[PDB]
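Visitor: If you scroll down you'll find the structure; I have some questions about it.
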Amino acid sequence: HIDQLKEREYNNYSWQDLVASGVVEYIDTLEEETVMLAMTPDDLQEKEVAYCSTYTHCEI
Amino acid sequence: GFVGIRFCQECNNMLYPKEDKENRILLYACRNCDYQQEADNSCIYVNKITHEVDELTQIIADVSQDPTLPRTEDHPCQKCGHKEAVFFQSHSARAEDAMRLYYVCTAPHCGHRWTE
Ligand SMILES: [Zn+2]
Ligand SMILES: [Zn+2]
């Protein structure tokens, strides 16, 4: 996805493609209360003291 | 012990209690209908000042499949003996003073719950 997006502008690739591909998702304030949000993808998932290990989403 | 509502047989309405003065027994009459039935519990009302409610009776087995709930491996289940298990406080208002956890097994077809 990153490679296909970095070559945008030139061809035709945009955010709608990411949304349709199933990588991002719109979570509203009422649903955000029932998801294990994560701050960064790398730091908060490697392998350490078992905090939750059940992250569902991750912020940009 | 507690007392539950028992509806009528014909009109299906609330049955109020009645102390039979003739036979000296407890009856449940109907406001509208004239139905009668001999009682068996010998109780009418009970009040729980301390409100000693067992939180385990409110907890459900579906809590296990919660993505935003902690899990521990040091408190395995009893019946099935699975390792993974969840834990959480009462999560109910009017908590007197206790953060005692309520461990629930995290595995299908078990739904067991316990406390330590
Ligand atoms: Zn009746
Ligand atoms: Zn179990």
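We name chains A, B, ... following the order of the structure tokens; residues begin at 1 in each chain, and ligands are numbered from 1 as shown.
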Which residues of chain B are close to chain A, meaning at most 6 Å apart when you count only C-alpha atoms, and how do they look as an NGL selection string?
Guide: :B and (67-68 or 70)
Visitor: For those residues, write N, CA and C atoms to a file as a short mmCIF file (atom, residue, chain, number, x, y, z; two decimals), in the first residue's frame.
Guide:
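Final file, part-v4.cif:
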```
data_model
loop_
_atom_site.label_atom_id
_atom_site.label_comp_id
_atom_site.auth_asym_id
_atom_site.auth_seq_id
_atom_site.Cartn_x
_atom_site.Cartn_y
_atom_site.Cartn_z
N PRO B 67 -12.48 -7.14 23.44
CA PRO B 67 -11.11 -6.74 23.06
C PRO B 67 -10.48 -5.67 23.94
N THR B 68 -11.24 -5.01 24.81
CA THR B 68 -10.70 -3.97 25.69
C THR B 68 -10.81 -4.39 27.15
N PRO B 70 -8.69 -6.75 30.27
CA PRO B 70 -7.40 -7.38 30.57
C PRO B 70 -7.51 -8.89 30.68
#
```
Visitor: Give the residue list for ligand 1 at 9 Å, counting only C-alpha atoms and all ligand atoms, as an NGL selection string, sorted by chain and then by residue number.
Guide: :B and (7-15 or 29-36)
Visitor: Taking only C-alpha atoms and all ligand atoms into account, which of B:84, B:40, B:55, B:73 comes nearest ligand 2?
Guide: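 Once distances to ligand 2 are computed over only C-alpha atoms and all ligand atoms, the minimum belongs to B:84.
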Visitor: Residues near residue 58 of chain A, anyone? I mean within 8 Å using only C-alpha atoms, not counting same-chain ones fewer than 4 positions away, as a list in words.
Guide: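 Surrounding residues, per the criterion: residues 37, 38, 39, 40 and 41 of chain A.
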Visitor: Check which residues fall inside 8 Å of ligand 2 when counting only C-alpha atoms and all ligand atoms, and print them as a short mmCIF file (atom, residue, chain, number, x, y, z; two decimals) with N, CA, C and O atoms, in the first residue's frame.
Guide:
```cif
data_model
loop_
_atom_site.label_atom_id
_atom_site.label_comp_id
_atom_site.auth_asym_id
_atom_site.auth_seq_id
_atom_site.Cartn_x
_atom_site.Cartn_y
_atom_site.Cartn_z
N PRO B 76 -5.86 -19.77 36.16
CA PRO B 76 -6.54 -20.66 35.22
C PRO B 76 -7.93 -21.03 35.71
O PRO B 76 -8.30 -20.83 36.87
N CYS B 77 -8.72 -21.57 34.78
CA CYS B 77 -10.09 -21.96 35.09
C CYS B 77 -10.10 -23.22 35.95
O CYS B 77 -9.08 -23.88 36.16
N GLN B 78 -11.28 -23.55 36.47
CA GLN B 78 -11.45 -24.72 37.32
C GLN B 78 -12.01 -25.91 36.55
O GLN B 78 -11.41 -26.99 36.54
N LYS B 79 -13.16 -25.73 35.90
CA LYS B 79 -13.81 -26.82 35.18
C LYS B 79 -12.96 -27.30 34.01
O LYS B 79 -12.45 -28.43 34.03
N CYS B 80 -12.80 -26.46 32.99
CA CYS B 80 -12.03 -26.85 31.82
C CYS B 80 -10.53 -26.79 32.09
O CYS B 80 -9.77 -27.61 31.56
N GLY B 81 -10.09 -25.84 32.92
CA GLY B 81 -8.68 -25.70 33.22
C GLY B 81 -7.90 -24.93 32.19
O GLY B 81 -6.69 -25.14 32.05
N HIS B 82 -8.55 -24.04 31.45
CA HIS B 82 -7.85 -23.22 30.48
C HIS B 82 -6.98 -22.19 31.19
O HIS B 82 -7.24 -21.81 32.34
N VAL B 104 -13.20 -14.41 34.93
CA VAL B 104 -14.07 -15.14 34.01
C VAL B 104 -13.20 -15.88 33.01
O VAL B 104 -12.27 -15.30 32.44
N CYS B 105 -13.48 -17.17 32.82
CA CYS B 105 -12.69 -17.97 31.90
C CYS B 105 -12.83 -17.44 30.48
O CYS B 105 -13.92 -17.02 30.06
N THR B 106 -11.73 -17.45 29.74
CA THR B 106 -11.69 -16.97 28.36
C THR B 106 -11.54 -18.18 27.44
O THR B 106 -10.44 -18.52 27.00
N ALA B 107 -12.66 -18.84 27.17
CA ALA B 107 -12.69 -19.99 26.28
C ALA B 107 -14.13 -20.34 25.92
O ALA B 107 -15.03 -20.16 26.75
N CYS B 110 -17.47 -22.72 27.99
CA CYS B 110 -17.23 -22.80 29.42
C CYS B 110 -17.94 -21.69 30.18
O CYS B 110 -18.79 -21.98 31.03
N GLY B 111 -17.65 -20.43 29.87
CA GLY B 111 -18.30 -19.31 30.53
C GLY B 111 -18.25 -19.33 32.05
O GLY B 111 -19.12 -18.75 32.71
N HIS B 112 -17.25 -20.00 32.61
CA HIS B 112 -17.15 -20.10 34.06
C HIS B 112 -16.70 -18.77 34.65
O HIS B 112 -16.03 -17.97 34.00
#
```
Visitor: Can you work out which one of B:102, B:115, B:24, B:5 has the shortest atom-to-atom distance to residue 60 of chain B, counting only C-alpha atoms?
Guide: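 Among the listed residues, B:102 lies closest to residue 60 of chain B.
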Visitor: Determine which residues of chain B DSSP labels as helix (DSSP H, G or I) from the backbone of this structure, then write them out as an mmCIF file with N, CA and C atoms, in the first residue's frame.
Guide:
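What landed in result15.cif:
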```
data_model
loop_
_atom_site.group_PDB
_atom_site.id
_atom_site.type_symbol
_atom_site.label_atom_id
_atom_site.label_comp_id
_atom_site.auth_asym_id
_atom_site.auth_seq_id
_atom_site.Cartn_x
_atom_site.Cartn_y
_atom_site.Cartn_z
ATOM 1 N N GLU B 55 -22.384 -10.262 42.805
ATOM 2 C CA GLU B 55 -22.041 -9.715 41.497
ATOM 3 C C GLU B 55 -21.880 -10.808 40.451
ATOM 4 N N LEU B 56 -21.505 -12.019 40.870
ATOM 5 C CA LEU B 56 -21.321 -13.109 39.918
ATOM 6 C C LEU B 56 -22.608 -13.423 39.166
ATOM 7 N N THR B 57 -23.766 -13.226 39.804
ATOM 8 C CA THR B 57 -25.028 -13.515 39.133
ATOM 9 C C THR B 57 -25.300 -12.539 37.994
ATOM 10 N N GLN B 58 -24.735 -11.333 38.062
ATOM 11 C CA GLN B 58 -24.926 -10.359 36.992
ATOM 12 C C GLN B 58 -23.936 -10.560 35.852
ATOM 13 N N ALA B 61 -21.262 -14.746 30.442
ATOM 14 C CA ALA B 61 -20.163 -15.437 29.783
ATOM 15 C C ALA B 61 -19.653 -14.683 28.564
ATOM 16 N N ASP B 62 -20.441 -13.751 28.027
ATOM 17 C CA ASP B 62 -20.033 -13.011 26.841
ATOM 18 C C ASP B 62 -18.934 -11.998 27.126
ATOM 19 N N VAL B 63 -18.663 -11.692 28.397
ATOM 20 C CA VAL B 63 -17.639 -10.712 28.728
ATOM 21 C C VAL B 63 -16.263 -11.167 28.262
ATOM 22 N N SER B 64 -16.070 -12.474 28.076
ATOM 23 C CA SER B 64 -14.758 -12.984 27.688
ATOM 24 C C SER B 64 -14.317 -12.430 26.339
#
```
Visitor: Please report the interatomic distance between atom CA of residue 11 of chain A and atom CA of residue 26 of chain A in Å with one decimal.
Guide: 25.7 Å
